[PDB]
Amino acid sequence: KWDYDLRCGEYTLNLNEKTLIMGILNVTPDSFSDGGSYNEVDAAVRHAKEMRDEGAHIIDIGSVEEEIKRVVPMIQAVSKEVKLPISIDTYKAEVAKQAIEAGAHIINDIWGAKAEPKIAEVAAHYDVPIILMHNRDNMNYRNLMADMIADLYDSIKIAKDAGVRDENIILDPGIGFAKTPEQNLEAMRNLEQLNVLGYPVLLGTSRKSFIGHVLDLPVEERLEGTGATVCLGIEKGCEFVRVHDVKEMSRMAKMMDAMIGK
C-alpha cells in the first residue's frame, strides 16, 4: 500500500485503488507542416478524448527544434480540451521544459536521465513526476535482472542528485529496449524484483515486437498478447500500464484488480 498520491498539479493520481491506464496518443505528423496544423492537433484531440472515454487516466504525448514545434501545439490543445494529466514522452531537456510549460504534468524519459542528465533538473525544478525507464546502448548482460536494477538505480542516482523527490519517481523496466526476445520474456517473468527499489512501476509492452516473436503475428494482431503481458504485470505489482488499446486494456486491468484485490 502506498502512503502517498501521485501529485500532478491540477490532478492527483491515487496509486492504491486501481491500476492507472496511460494511453498512447496517436501522433501522425502533417506534411507541409512544422507542427500545429488543424489536421494534426484535431486528430490528436479526438484520440485523447476517445481514450479518455474508454478508461485512460493519463495521456502520453510523444531534431530538437522540430520536436518542440510538433509536441507543444498538441499539449496545449489536449490539456485544454481533455481534463486528464498529460505526460511528455521525451529524453531531451529542452523539449521537457517546453512541454511542461505548455501543460504537461509528467515527464517520460526513455533513457532514464542518462542521455541528457539535465532533464532530471528540469523535473526537479518544475517538481513533476518523472518516469525513469531502463535502457542502454548494448544487450550484453552478466545477469539481466541484476543489471536492470543496477542501471535503474543509476538513473535514480542522477534523478535524486538533481533534486528529484522520491515521491516524484516512477520506474519502467524498458521492455523492448536493449533486450533480445528471450531477454524481454525474462524481464516479464521477473518484474516483481523491481519492487524492491521502493518505487511505483510503469509497464510499457503494448503491441511490442517480442509479442509478435512469440505469437508470430503482425503489429495489428497483438491485442490478446498485450493483454497477457498487462495481466501478468499487474499481478507482479505494476501501478501503471502504457497501452494503445485503451478500451480493451482497461477492462483487463479492472478485472485483474478485482481478483488480486487492488
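Residue positions are given as counts along the sequence shown, with the first one as 1.
Asks: How about residue 54: is it missing in a third or more of the other compared entries?
Replies: No, residue 54 has coordinates in all the other entries compared.
Asks: Compared with other deposited entries of this protein, is residue 221 missing coordinates in at least a third of those that cover its neighbours?
Replies: Per the records, residue 221 is modelled in all the other entries.
Asks: Does the entry skip any residues of the deposited sequence between residue 62 and residue 63, and if so, is it 1 to 3, 4 to 9, or 10 or more, or none at all?
Replies: Missing residues, residue 62 to residue 63: 10 or more.
Asks: For the C-alpha atoms alone, is the average B factor greater in 67-75 or in 150-158, going by the entry?
Replies: The entry gives the higher C-alpha B-factor average to 67-75.
Asks: Quick one: say whether 183-191 or 124-132 has the higher mean Cα B-factor in the deposited entry.
Replies: Stretch with the higher mean C-alpha B-factor: 124-132.
Asks: Compare the C-alpha B factor of residue 17 with those of the other modelled residues in its chain, then answer lowest, middle or highest third.
Replies: CA B-factor rank for residue 17: middle third.
Asks: Name the third of the chain's ranked CA B-factors that contains residue 172, choosing lowest, middle or highest.
Replies: According to the entry, residue 172 has a C-alpha B-factor in the chain's lowest third.
Asks: Relative to the other modelled residues of the same chain, rank the CA B-factor of residue 30 and answer lowest, middle or highest third.
Replies: According to the entry, residue 30 has a C-alpha B-factor in the chain's highest third.
Asks: Report the third (lowest, middle or highest) to which the CA temperature factor of residue 218 belongs, ranking only the modelled residues of the same chain.
Replies: It belongs to the middle third of the chain when residues are ordered by C-alpha B-factor.
Asks: Taking the chain's C-alpha temperature factors as the reference, tell me which third residue 39 falls into: lowest, middle or highest.
Replies: According to the entry, residue 39 has a C-alpha B-factor in the chain's highest third.
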